[PDB]
file protein.txt (compact mmCIF, C-alpha atoms)
# COMPACT_ATOMS: atom_id res chain seq x y z
CA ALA A 136 -42.55 292.32 6.97
CA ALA A 137 -39.65 294.78 7.03
CA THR A 138 -39.75 298.42 8.12
CA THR A 139 -38.93 300.85 5.30
CA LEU A 140 -35.97 303.09 6.15
CA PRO A 141 -36.05 306.48 4.37
CA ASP A 142 -32.93 307.95 6.05
CA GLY A 143 -29.75 307.22 8.04
CA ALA A 144 -31.27 307.84 11.49
CA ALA A 145 -33.98 305.20 10.92
CA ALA A 146 -31.38 302.63 9.84
CA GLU A 147 -29.37 303.36 13.03
CA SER A 148 -32.49 303.27 15.24
CA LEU A 149 -33.41 299.86 13.84
CA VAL A 150 -29.87 298.53 14.36
CA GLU A 151 -30.02 299.73 18.02
CA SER A 152 -33.50 298.31 18.71
CA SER A 153 -32.20 294.74 19.05
CA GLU A 154 -29.23 292.47 19.77
CA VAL A 155 -29.41 291.21 16.16
CA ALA A 156 -30.95 293.19 13.25
CA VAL A 157 -31.06 292.86 9.43
CA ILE A 158 -31.33 295.46 6.64
CA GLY A 159 -32.15 294.70 2.99
CA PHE A 160 -30.66 297.23 0.58
CA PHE A 161 -32.77 297.00 -2.58
CA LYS A 162 -33.06 299.87 -5.09
CA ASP A 163 -36.15 298.26 -6.56
CA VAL A 164 -38.29 297.09 -3.63
CA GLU A 165 -40.58 295.41 -6.18
CA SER A 166 -37.77 293.23 -7.63
CA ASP A 167 -37.66 289.41 -7.30
CA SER A 168 -34.62 289.37 -4.99
CA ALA A 169 -36.33 292.02 -2.80
CA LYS A 170 -39.47 289.83 -2.54
CA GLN A 171 -37.23 286.89 -1.56
CA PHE A 172 -35.79 289.12 1.19
CA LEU A 173 -39.27 290.20 2.34
CA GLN A 174 -40.23 286.50 2.50
CA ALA A 175 -37.15 285.88 4.67
CA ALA A 176 -38.23 288.77 6.94
CA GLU A 177 -41.65 287.15 7.49
CA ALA A 178 -40.13 283.72 8.23
CA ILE A 179 -38.32 285.10 11.33
CA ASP A 180 -39.88 287.10 14.17
CA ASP A 181 -36.89 286.89 16.53
CA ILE A 182 -35.07 289.64 14.59
CA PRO A 183 -36.31 293.00 13.21
CA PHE A 184 -35.92 293.68 9.47
CA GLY A 185 -35.39 296.94 7.58
CA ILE A 186 -35.47 297.81 3.87
CA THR A 187 -33.97 300.78 1.99
CA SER A 188 -33.84 302.05 -1.59
CA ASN A 189 -32.10 305.23 -0.44
CA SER A 190 -28.59 305.41 -1.89
CA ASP A 191 -27.39 307.60 0.99
CA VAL A 192 -28.34 304.73 3.30
CA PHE A 193 -26.62 302.31 0.87
CA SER A 194 -23.43 304.45 1.12
CA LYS A 195 -23.65 304.86 4.91
CA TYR A 196 -23.00 301.10 5.18
CA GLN A 197 -20.68 300.99 2.13
CA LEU A 198 -23.14 299.29 -0.19
CA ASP A 199 -22.76 300.24 -3.86
CA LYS A 200 -25.11 297.46 -5.04
CA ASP A 201 -28.19 295.67 -3.69
CA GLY A 202 -27.50 293.51 -0.65
CA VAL A 203 -28.34 292.35 2.84
CA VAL A 204 -26.37 292.92 6.03
CA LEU A 205 -26.77 291.30 9.43
CA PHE A 206 -26.00 293.64 12.34
CA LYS A 207 -25.11 292.34 15.82
CA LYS A 208 -24.18 293.96 19.14
CA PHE A 209 -21.24 291.58 19.72
CA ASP A 210 -18.13 290.15 18.06
CA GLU A 211 -17.41 291.37 14.50
CA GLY A 212 -20.43 293.70 14.58
CA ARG A 213 -21.79 292.77 11.13
CA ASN A 214 -21.86 290.22 8.30
CA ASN A 215 -22.52 290.87 4.62
CA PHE A 216 -24.62 288.33 2.70
CA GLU A 217 -22.88 286.64 -0.26
CA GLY A 218 -24.33 284.87 -3.29
CA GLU A 219 -27.80 284.58 -4.82
CA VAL A 220 -30.67 286.27 -2.96
CA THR A 221 -33.22 283.54 -2.18
CA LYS A 222 -35.28 282.96 0.97
CA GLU A 223 -33.41 279.72 1.76
CA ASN A 224 -29.95 281.27 1.25
CA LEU A 225 -30.98 284.19 3.47
CA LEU A 226 -32.31 282.02 6.31
CA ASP A 227 -29.10 279.95 6.08
CA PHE A 228 -27.03 283.15 6.24
CA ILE A 229 -29.02 284.55 9.17
CA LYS A 230 -28.69 281.27 11.12
CA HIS A 231 -24.94 280.87 10.41
CA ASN A 232 -24.22 284.45 11.64
CA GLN A 233 -26.93 285.15 14.25
CA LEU A 234 -24.99 283.52 17.09
CA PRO A 235 -22.27 284.99 19.32
CA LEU A 236 -18.78 283.51 18.79
CA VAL A 237 -18.95 281.87 22.23
CA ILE A 238 -22.53 280.89 22.98
CA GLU A 239 -24.04 280.28 26.42
CA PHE A 240 -26.31 277.25 26.44
CA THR A 241 -29.74 278.50 27.55
CA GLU A 242 -33.41 277.85 26.71
CA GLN A 243 -33.60 280.68 24.15
CA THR A 244 -30.17 279.70 22.77
CA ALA A 245 -30.66 275.91 22.32
CA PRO A 246 -32.80 275.87 19.11
CA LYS A 247 -30.43 278.33 17.37
CA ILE A 248 -27.43 276.08 18.15
CA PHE A 249 -29.17 273.22 16.33
CA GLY A 250 -30.10 275.80 13.65
CA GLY A 251 -26.42 276.37 12.82
CA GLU A 252 -24.75 274.73 9.82
CA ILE A 253 -21.66 273.68 11.79
CA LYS A 254 -21.35 269.93 12.44
CA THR A 255 -18.54 270.07 15.03
CA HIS A 256 -19.35 271.57 18.44
CA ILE A 257 -16.95 272.04 21.35
CA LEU A 258 -18.63 272.10 24.76
CA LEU A 259 -17.00 273.73 27.75
CA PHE A 260 -18.69 272.77 31.01
CA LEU A 261 -17.72 275.80 33.08
CA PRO A 262 -19.02 276.38 36.64
CA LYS A 263 -20.02 280.04 37.14
CA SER A 264 -18.45 279.88 40.61
CA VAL A 265 -15.03 278.69 39.40
CA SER A 266 -11.75 280.51 40.12
CA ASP A 267 -10.73 282.91 37.31
CA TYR A 268 -14.05 282.29 35.51
CA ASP A 269 -13.78 285.29 33.16
CA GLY A 270 -10.16 284.39 32.35
CA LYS A 271 -11.07 280.79 31.47
CA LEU A 272 -14.03 282.00 29.36
CA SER A 273 -11.91 284.55 27.48
CA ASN A 274 -9.43 281.74 26.71
CA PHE A 275 -12.30 279.80 25.15
CA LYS A 276 -13.30 282.97 23.21
CA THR A 277 -9.73 283.61 22.05
CA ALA A 278 -9.47 280.00 20.82
CA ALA A 279 -12.90 280.36 19.18
CA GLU A 280 -11.49 283.20 17.05
CA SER A 281 -9.41 280.98 14.78
CA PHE A 282 -12.28 278.53 14.15
CA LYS A 283 -15.08 280.80 12.85
CA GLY A 284 -17.43 278.76 10.65
CA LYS A 285 -15.61 275.51 11.49
CA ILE A 286 -16.33 274.69 15.14
CA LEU A 287 -19.22 276.01 17.22
CA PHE A 288 -17.97 276.97 20.71
CA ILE A 289 -20.57 276.35 23.44
CA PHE A 290 -20.22 276.91 27.19
CA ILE A 291 -22.50 275.28 29.78
CA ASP A 292 -22.93 276.54 33.36
CA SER A 293 -22.22 273.40 35.45
CA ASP A 294 -23.65 274.89 38.65
CA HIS A 295 -27.15 275.35 37.17
CA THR A 296 -29.65 272.64 38.16
CA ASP A 297 -31.15 272.45 34.66
CA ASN A 298 -27.81 271.51 33.05
CA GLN A 299 -27.24 268.44 35.23
CA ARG A 300 -28.88 266.02 32.75
CA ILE A 301 -26.45 267.24 30.06
CA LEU A 302 -23.58 266.62 32.52
CA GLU A 303 -24.98 263.06 32.96
CA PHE A 304 -25.38 262.62 29.19
CA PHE A 305 -21.64 263.25 28.71
CA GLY A 306 -20.68 261.30 31.86
CA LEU A 307 -19.71 264.27 34.00
CA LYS A 308 -19.94 265.06 37.70
CA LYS A 309 -20.08 268.69 38.89
CA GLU A 310 -16.60 268.31 40.48
CA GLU A 311 -15.03 267.18 37.18
CA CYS A 312 -15.66 270.67 35.73
CA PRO A 313 -14.32 272.73 33.95
CA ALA A 314 -14.34 269.99 31.29
CA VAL A 315 -14.25 269.89 27.47
CA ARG A 316 -16.29 267.64 25.16
CA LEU A 317 -15.86 267.86 21.38
CA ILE A 318 -18.80 266.47 19.33
CA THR A 319 -19.95 266.05 15.71
CA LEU A 320 -23.69 266.42 15.12
CA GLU A 321 -25.78 264.91 12.32
CA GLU A 337 -36.30 251.22 9.71
CA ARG A 338 -35.44 253.99 7.20
CA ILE A 339 -32.83 254.85 9.85
CA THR A 340 -30.39 252.35 8.29
CA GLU A 341 -30.07 254.86 5.42
CA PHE A 342 -29.61 257.70 7.94
CA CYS A 343 -26.67 255.85 9.54
CA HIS A 344 -24.74 255.32 6.26
CA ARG A 345 -25.02 258.96 5.10
CA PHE A 346 -23.69 260.09 8.50
CA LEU A 347 -20.77 257.64 8.19
CA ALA B 136 -13.12 241.47 44.71
CA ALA B 137 -15.07 238.43 43.54
CA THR B 138 -17.24 236.10 45.64
CA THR B 139 -16.09 232.47 45.82
CA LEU B 140 -18.60 229.95 44.41
CA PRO B 141 -18.27 226.36 45.78
CA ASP B 142 -21.45 224.93 44.20
CA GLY B 143 -23.97 225.30 41.36
CA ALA B 144 -26.46 226.98 43.71
CA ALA B 145 -24.19 229.91 44.64
CA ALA B 146 -23.37 230.38 40.94
CA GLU B 147 -27.03 230.67 39.89
CA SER B 148 -27.73 233.05 42.80
CA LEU B 149 -24.89 235.28 41.59
CA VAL B 150 -26.04 235.17 37.95
CA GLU B 151 -29.60 235.97 39.04
CA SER B 152 -28.45 238.78 41.35
CA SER B 153 -27.76 241.31 38.58
CA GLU B 154 -28.58 242.46 35.05
CA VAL B 155 -24.99 241.50 34.16
CA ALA B 156 -22.81 239.03 36.08
CA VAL B 157 -19.32 237.63 35.36
CA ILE B 158 -17.91 234.27 36.49
CA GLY B 159 -14.23 233.32 36.39
CA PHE B 160 -13.64 229.58 36.10
CA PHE B 161 -10.17 228.73 37.42
CA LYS B 162 -8.93 225.45 38.95
CA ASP B 163 -6.20 227.35 40.81
CA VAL B 164 -7.33 230.60 42.48
CA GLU B 165 -3.83 232.14 42.51
CA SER B 166 -2.68 231.24 38.99
CA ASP B 167 -1.59 234.12 36.71
CA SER B 168 -4.91 234.05 34.83
CA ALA B 169 -6.97 233.93 38.04
CA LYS B 170 -4.87 236.83 39.36
CA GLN B 171 -5.50 238.89 36.18
CA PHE B 172 -9.25 238.19 36.45
CA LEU B 173 -9.47 239.33 40.09
CA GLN B 174 -7.72 242.56 39.04
CA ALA B 175 -10.30 243.08 36.25
CA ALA B 176 -12.98 242.38 38.88
CA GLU B 177 -11.61 245.19 41.06
CA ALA B 178 -11.61 247.64 38.10
CA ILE B 179 -15.37 247.44 37.35
CA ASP B 180 -17.83 248.74 39.94
CA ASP B 181 -21.00 248.15 37.91
CA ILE B 182 -21.22 244.33 37.87
CA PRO B 183 -20.73 241.47 40.41
CA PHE B 184 -17.98 238.88 39.94
CA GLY B 185 -17.79 235.22 40.92
CA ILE B 186 -14.85 232.85 40.94
CA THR B 187 -15.08 229.06 40.96
CA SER B 188 -12.66 226.13 41.12
CA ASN B 189 -15.33 223.43 41.32
CA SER B 190 -15.44 221.24 38.18
CA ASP B 191 -19.19 220.68 38.69
CA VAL B 192 -19.74 224.42 38.15
CA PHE B 193 -17.48 224.24 35.06
CA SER B 194 -19.67 221.52 33.50
CA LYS B 195 -22.87 223.26 34.58
CA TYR B 196 -21.92 226.12 32.27
CA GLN B 197 -20.23 223.81 29.75
CA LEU B 198 -16.60 224.79 30.34
CA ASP B 199 -14.08 221.95 30.16
CA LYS B 200 -11.06 224.27 30.59
CA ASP B 201 -10.47 227.47 32.59
CA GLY B 202 -12.34 230.54 31.30
CA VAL B 203 -14.54 233.59 31.87
CA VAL B 204 -18.26 233.91 31.06
CA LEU B 205 -20.32 237.12 31.11
CA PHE B 206 -24.03 236.55 31.91
CA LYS B 207 -26.81 239.04 31.12
CA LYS B 208 -30.62 239.27 31.41
CA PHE B 209 -31.09 240.53 27.83
CA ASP B 210 -30.12 239.79 24.20
CA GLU B 211 -28.06 236.57 23.76
CA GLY B 212 -27.86 235.87 27.51
CA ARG B 213 -24.16 234.94 27.63
CA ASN B 214 -20.76 235.60 26.05
CA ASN B 215 -17.63 233.49 26.50
CA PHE B 216 -14.26 235.21 26.81
CA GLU B 217 -11.94 234.08 24.01
CA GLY B 218 -8.22 234.90 24.24
CA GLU B 219 -5.36 235.31 26.69
CA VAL B 220 -6.51 236.12 30.22
CA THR B 221 -5.11 239.61 30.65
CA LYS B 222 -6.72 242.31 32.80
CA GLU B 223 -6.82 244.53 29.71
CA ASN B 224 -8.29 241.76 27.53
CA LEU B 225 -11.02 241.09 30.10
CA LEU B 226 -12.01 244.76 30.54
CA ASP B 227 -12.19 244.98 26.74
CA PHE B 228 -14.41 241.86 26.69
CA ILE B 229 -16.83 243.15 29.32
CA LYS B 230 -17.26 246.66 27.87
CA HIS B 231 -17.94 245.14 24.42
CA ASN B 232 -20.64 242.76 25.82
CA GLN B 233 -21.89 244.57 28.94
CA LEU B 234 -24.70 246.60 27.39
CA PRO B 235 -27.98 245.84 25.53
CA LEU B 236 -28.09 246.14 21.75
CA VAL B 237 -30.69 248.86 22.29
CA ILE B 238 -30.04 250.72 25.54
CA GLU B 239 -32.60 252.89 27.36
CA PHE B 240 -31.11 256.20 28.42
CA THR B 241 -31.58 256.28 32.19
CA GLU B 242 -29.74 257.54 35.28
CA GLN B 243 -27.89 254.26 35.93
CA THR B 244 -27.33 253.85 32.18
CA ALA B 245 -25.97 257.40 31.57
CA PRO B 246 -22.30 256.89 32.66
CA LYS B 247 -22.01 253.61 30.69
CA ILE B 248 -23.17 255.28 27.45
CA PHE B 249 -20.52 258.04 27.43
CA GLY B 250 -17.77 255.62 28.52
CA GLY B 251 -18.38 253.17 25.65
CA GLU B 252 -15.55 252.77 23.12
CA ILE B 253 -17.96 253.03 20.16
CA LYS B 254 -18.24 256.87 20.27
CA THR B 255 -20.80 257.16 17.41
CA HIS B 256 -24.31 257.22 18.89
CA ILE B 257 -27.80 257.25 17.42
CA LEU B 258 -30.56 258.59 19.69
CA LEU B 259 -34.15 257.57 19.21
CA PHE B 260 -36.50 259.98 20.95
CA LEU B 261 -39.39 257.61 21.59
CA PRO B 262 -42.32 258.85 23.74
CA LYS B 263 -43.61 256.05 25.99
CA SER B 264 -47.14 257.23 25.13
CA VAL B 265 -46.67 256.79 21.33
CA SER B 266 -49.01 254.31 19.63
CA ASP B 267 -47.23 251.13 18.48
CA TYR B 268 -44.35 251.74 20.90
CA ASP B 269 -42.67 248.32 20.71
CA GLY B 270 -43.28 248.16 16.94
CA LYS B 271 -41.37 251.43 16.53
CA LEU B 272 -38.76 250.18 19.00
CA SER B 273 -38.62 246.91 17.02
CA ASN B 274 -37.46 248.69 13.84
CA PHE B 275 -34.78 250.46 15.91
CA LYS B 276 -33.51 247.00 17.00
CA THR B 277 -33.60 245.69 13.39
CA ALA B 278 -31.39 248.60 12.30
CA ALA B 279 -29.22 248.06 15.40
CA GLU B 280 -28.32 244.64 13.97
CA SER B 281 -26.73 246.24 10.88
CA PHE B 282 -24.40 248.47 12.94
CA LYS B 283 -23.45 246.45 16.04
CA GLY B 284 -19.94 247.47 17.10
CA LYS B 285 -20.13 250.43 14.71
CA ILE B 286 -22.98 252.59 16.10
CA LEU B 287 -24.36 252.49 19.66
CA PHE B 288 -28.19 252.53 19.54
CA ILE B 289 -29.88 254.52 22.33
CA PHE B 290 -33.52 255.35 23.04
CA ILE B 291 -34.91 258.07 25.33
CA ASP B 292 -38.42 258.78 26.62
CA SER B 293 -39.53 262.09 25.08
CA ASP B 294 -42.57 262.32 27.38
CA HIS B 295 -40.58 262.36 30.62
CA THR B 296 -39.99 265.73 32.27
CA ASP B 297 -36.45 264.91 33.39
CA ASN B 298 -35.46 264.55 29.71
CA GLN B 299 -36.46 268.11 28.70
CA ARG B 300 -32.92 269.50 28.67
CA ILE B 301 -31.70 266.73 26.35
CA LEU B 302 -34.59 267.47 23.96
CA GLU B 303 -33.53 271.15 23.90
CA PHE B 304 -29.86 270.26 23.44
CA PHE B 305 -30.90 268.47 20.25
CA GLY B 306 -33.33 271.22 19.14
CA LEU B 307 -36.43 269.11 19.74
CA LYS B 308 -39.93 269.76 21.09
CA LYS B 309 -42.28 267.13 22.63
CA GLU B 310 -44.60 267.18 19.59
CA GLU B 311 -41.74 266.84 17.05
CA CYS B 312 -41.18 263.29 18.41
CA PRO B 313 -40.58 260.45 17.53
CA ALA B 314 -37.31 261.70 16.00
CA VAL B 315 -33.72 260.55 15.54
CA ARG B 316 -30.29 262.19 16.02
CA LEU B 317 -26.80 260.91 15.31
CA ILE B 318 -23.81 262.14 17.34
CA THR B 319 -20.08 261.40 17.32
CA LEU B 320 -18.10 261.87 20.55
CA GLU B 321 -14.47 262.96 20.06
CA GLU B 322 -11.33 264.19 21.85
CA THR B 335 -5.40 277.66 28.50
CA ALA B 336 -6.38 279.40 25.24
CA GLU B 337 -3.45 277.82 23.37
CA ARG B 338 -4.20 274.32 24.69
CA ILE B 339 -7.75 274.60 23.28
CA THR B 340 -6.50 275.77 19.84
CA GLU B 341 -3.99 272.87 19.62
CA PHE B 342 -6.69 270.41 20.77
CA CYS B 343 -9.16 271.85 18.23
CA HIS B 344 -6.71 271.35 15.36
CA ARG B 345 -7.78 267.71 15.18
CA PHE B 346 -8.97 268.24 11.61
CA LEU B 347 -5.85 266.71 10.04
call {"tool": "encode", "arguments": {"input": "protein.txt", "output": "structure tokens"}}
result
Amino acid sequence: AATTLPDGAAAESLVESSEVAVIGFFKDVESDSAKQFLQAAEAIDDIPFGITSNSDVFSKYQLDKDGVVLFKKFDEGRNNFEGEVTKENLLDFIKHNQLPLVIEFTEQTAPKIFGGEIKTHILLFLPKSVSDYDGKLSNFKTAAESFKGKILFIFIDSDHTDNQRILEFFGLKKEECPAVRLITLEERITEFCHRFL
Amino acid sequence: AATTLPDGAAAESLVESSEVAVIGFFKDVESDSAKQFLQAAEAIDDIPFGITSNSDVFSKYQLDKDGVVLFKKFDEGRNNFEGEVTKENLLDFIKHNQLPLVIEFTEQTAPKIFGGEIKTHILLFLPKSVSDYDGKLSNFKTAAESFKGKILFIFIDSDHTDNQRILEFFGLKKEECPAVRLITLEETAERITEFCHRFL
């Protein structure tokens, strides 16, 4: 499920092996919380998992108690798990922190956007051929900074043929871009409508 | 702007010519109300407009006084405009009555969905191959009754290849359907931040 890490070099190697990586720091690998972590490791194959009981490895990442850390090669670089160690809490934590601050809508990216726990999403339809593209995108990223865990910032490449149906869905023509659409995501459907309202 | 209708025959032709048609019934073609109507007619590209002064056409459609009727080939079939004949009142009237209770997401339909003043949308992902298709669609209509004017009910064909990107947008796979999603539409680096602070 998770690769055992006996030393600092193995921890580092594992962190470098992927865009996103996760280490469980559990003194007792046979403990209930540790099992819960190992169960979380098996439930996801997109990300590699590590596990240490080595207190030098604990200290290398400034852990002085059991814990789990998500490592990422972008943005804030890492997130520390908070609260009770259960499989469901861990999968929630991994999903809420797996994504880049500004996320490019792609095929691999789409299911993880839905996987987030953020209701409000801001879409920027940004043509990759636009003037000052990287400046306009950084502006979106800068604005994304002061909304961490409140609004999910998504950018869509308007020039790409596969995004045209999404442009249509939000009533957009390619020449109306860059454009911004802010959205909130959510006969037993009558009950579904009330809870959403 | 709007085609003149001298007789009952031209009127029916016009009504039959589209999914949604609108007729303005005005004795005097250049009265204030008739003028407002023609301006509303110029502001909507999607539907054809007729104008009549002939009292036979009035009675045909059971108008004794001047007025505006929207005709449609679905749901209740017609809606009568009730209020002062303003351009803004008419455009409001059309947009509120223009669309089916349960609208199929298509290419022609797409711009009219996003433009709607309802903003809170429920999407049924209904594969056209699903067993008991109209029975499943029937329940969607029954629920659509409870939320008319509050939630815009939309269905989409999950089977169709040109809908794949919308499925992905809503984290859905072909097999995971039928399925339902609700969505609410709302609205420089500093301009974005100020726009985003629409929490309060």
call {"tool": "atom_distance", "arguments": {"input": "protein.txt", "atom1": "atom CA of residue 160 of chain A", "atom2": "atom CA of residue 193 of chain A"}}
result
6.5 Å
call {"tool": "closest_atom_pairs", "arguments": {"input": "protein.txt", "of": "chain A", "to": "chain B", "cutoff": "7 Å", "atoms": "all atoms listed in the file", "output": "tab-separated table"}}
result
residue	atom	partner	partner_atom	distance
A:245	CA	B:303	CA	5.8
A:246	CA	B:306	CA	4.7
A:249	CA	B:306	CA	5.4
A:274	CA	B:336	CA	4.1
A:275	CA	B:336	CA	5.9
A:277	CA	B:336	CA	6.3
A:278	CA	B:340	CA	5.3
A:297	CA	B:300	CA	6.9
A:300	CA	B:300	CA	6.7
A:301	CA	B:301	CA	6.4
A:303	CA	B:245	CA	5.9
A:304	CA	B:245	CA	5.8
A:305	CA	B:249	CA	5.5
A:306	CA	B:246	CA	4.8
A:316	CA	B:322	CA	6.9
A:317	CA	B:321	CA	5.3
A:318	CA	B:320	CA	4.8
A:319	CA	B:319	CA	4.9
A:320	CA	B:318	CA	4.8
A:321	CA	B:317	CA	5.1
A:337	CA	B:274	CA	5.0
A:339	CA	B:278	CA	6.9
A:340	CA	B:278	CA	5.6
call {"tool": "write_last_selection", "arguments": {"input": "protein.txt", "atoms": "C-alpha atoms", "output": "mmCIF file, in the coordinates of the input"}}
result
data_model
loop_
_atom_site.group_PDB
_atom_site.id
_atom_site.type_symbol
_atom_site.label_atom_id
_atom_site.label_comp_id
_atom_site.auth_asym_id
_atom_site.auth_seq_id
_atom_site.Cartn_x
_atom_site.Cartn_y
_atom_site.Cartn_z
ATOM 1 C CA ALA A 245 -30.660 275.910 22.320
ATOM 2 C CA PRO A 246 -32.800 275.870 19.110
ATOM 3 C CA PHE A 249 -29.170 273.220 16.330
ATOM 4 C CA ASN A 274 -9.430 281.740 26.710
ATOM 5 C CA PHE A 275 -12.300 279.800 25.150
ATOM 6 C CA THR A 277 -9.730 283.610 22.050
ATOM 7 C CA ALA A 278 -9.470 280.000 20.820
ATOM 8 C CA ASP A 297 -31.150 272.450 34.660
ATOM 9 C CA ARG A 300 -28.880 266.020 32.750
ATOM 10 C CA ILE A 301 -26.450 267.240 30.060
ATOM 11 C CA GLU A 303 -24.980 263.060 32.960
ATOM 12 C CA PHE A 304 -25.380 262.620 29.190
ATOM 13 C CA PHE A 305 -21.640 263.250 28.710
ATOM 14 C CA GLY A 306 -20.680 261.300 31.860
ATOM 15 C CA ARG A 316 -16.290 267.640 25.160
ATOM 16 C CA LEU A 317 -15.860 267.860 21.380
ATOM 17 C CA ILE A 318 -18.800 266.470 19.330
ATOM 18 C CA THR A 319 -19.950 266.050 15.710
ATOM 19 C CA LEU A 320 -23.690 266.420 15.120
ATOM 20 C CA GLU A 321 -25.780 264.910 12.320
ATOM 21 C CA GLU A 337 -36.300 251.220 9.710
ATOM 22 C CA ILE A 339 -32.830 254.850 9.850
ATOM 23 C CA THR A 340 -30.390 252.350 8.290
#
call {"tool": "residues_around", "arguments": {"input": "protein.txt", "residues": "segment 203-215 of chain A", "least_positions_apart": "6", "cutoff": "7 Å", "atoms": "all atoms listed in the file", "output": "ChimeraX atom specification"}}
result
/A:150,154-160,235-236
call {"tool": "atom_distance", "arguments": {"input": "protein.txt", "atom1": "atom CA of residue 284 of chain A", "atom2": "atom CA of residue 182 of chain A"}}
result
21.1 Å
call {"tool": "atom_distance", "arguments": {"input": "protein.txt", "atom1": "atom CA of residue 241 of chain A", "atom2": "atom CA of residue 173 of chain A"}}
result
29.4 Å
call {"tool": "residues_around", "arguments": {"input": "protein.txt", "residues": "residue 189 of chain A", "least_positions_apart": "4", "cutoff": "9 Å", "atoms": "all atoms listed in the file", "output": "PyMOL selection string"}}
result
chain A and resi 140-142+160-162+193-194
call {"tool": "residues_around", "arguments": {"input": "protein.txt", "residues": "segment 141-154 of chain B", "least_positions_apart": "3", "cutoff": "12 Å", "atoms": "all atoms listed in the file", "output": "ChimeraX atom specification"}}
result
/B:137-138,157-162,181-196,204-210,212-213,233-235,243-244
call {"tool": "build_atoms", "arguments": {"input": "protein.txt", "residues": "segment 272-288 of chain B", "atoms": "N, CA and C atoms", "output": "JSON list (two decimals), keeping the file's coordinate frame"}}
result
[["chain", "number", "residue", "atom", "x", "y", "z"],
["B", 272, "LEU", "N", -39.99, 250.59, 18.35],
["B", 272, "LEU", "CA", -38.76, 250.18, 19.00],
["B", 272, "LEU", "C", -38.17, 248.95, 18.32],
["B", 273, "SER", "N", -39.03, 248.14, 17.71],
["B", 273, "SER", "CA", -38.62, 246.91, 17.02],
["B", 273, "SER", "C", -37.78, 247.22, 15.78],
["B", 274, "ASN", "N", -38.21, 248.22, 15.01],
["B", 274, "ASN", "CA", -37.46, 248.69, 13.84],
["B", 274, "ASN", "C", -36.09, 249.24, 14.22],
["B", 275, "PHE", "N", -36.03, 249.93, 15.36],
["B", 275, "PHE", "CA", -34.78, 250.46, 15.91],
["B", 275, "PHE", "C", -33.80, 249.33, 16.24],
["B", 276, "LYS", "N", -34.32, 248.20, 16.72],
["B", 276, "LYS", "CA", -33.51, 247.00, 17.00],
["B", 276, "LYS", "C", -33.02, 246.34, 15.71],
["B", 277, "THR", "N", -33.91, 246.26, 14.71],
["B", 277, "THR", "CA", -33.60, 245.69, 13.39],
["B", 277, "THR", "C", -32.45, 246.44, 12.72],
["B", 278, "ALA", "N", -32.48, 247.77, 12.79],
["B", 278, "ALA", "CA", -31.39, 248.60, 12.30],
["B", 278, "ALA", "C", -30.14, 248.48, 13.16],
["B", 279, "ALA", "N", -30.33, 248.25, 14.46],
["B", 279, "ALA", "CA", -29.22, 248.06, 15.40],
["B", 279, "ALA", "C", -28.38, 246.82, 15.09],
["B", 280, "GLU", "N", -29.01, 245.85, 14.42],
["B", 280, "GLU", "CA", -28.32, 244.64, 13.97],
["B", 280, "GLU", "C", -27.23, 245.00, 12.95],
["B", 281, "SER", "N", -27.60, 245.85, 11.99],
["B", 281, "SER", "CA", -26.73, 246.24, 10.88],
["B", 281, "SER", "C", -25.47, 247.01, 11.30],
["B", 282, "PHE", "N", -25.48, 247.58, 12.50],
["B", 282, "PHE", "CA", -24.40, 248.47, 12.94],
["B", 282, "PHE", "C", -23.79, 248.12, 14.29],
["B", 283, "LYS", "N", -24.02, 246.90, 14.77],
["B", 283, "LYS", "CA", -23.45, 246.45, 16.04],
["B", 283, "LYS", "C", -21.93, 246.57, 16.01],
["B", 284, "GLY", "N", -21.38, 247.22, 17.03],
["B", 284, "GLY", "CA", -19.94, 247.47, 17.10],
["B", 284, "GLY", "C", -19.48, 248.65, 16.27],
["B", 285, "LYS", "N", -20.42, 249.26, 15.53],
["B", 285, "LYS", "CA", -20.13, 250.43, 14.71],
["B", 285, "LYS", "C", -20.88, 251.68, 15.20],
["B", 286, "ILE", "N", -22.15, 251.51, 15.56],
["B", 286, "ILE", "CA", -22.98, 252.59, 16.10],
["B", 286, "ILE", "C", -23.80, 252.11, 17.30],
["B", 287, "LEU", "N", -23.62, 252.79, 18.43],
["B", 287, "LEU", "CA", -24.36, 252.49, 19.66],
["B", 287, "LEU", "C", -25.79, 253.05, 19.62],
["B", 288, "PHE", "N", -26.77, 252.16, 19.61],
["B", 288, "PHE", "CA", -28.19, 252.53, 19.54],
["B", 288, "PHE", "C", -28.77, 252.84, 20.92]]
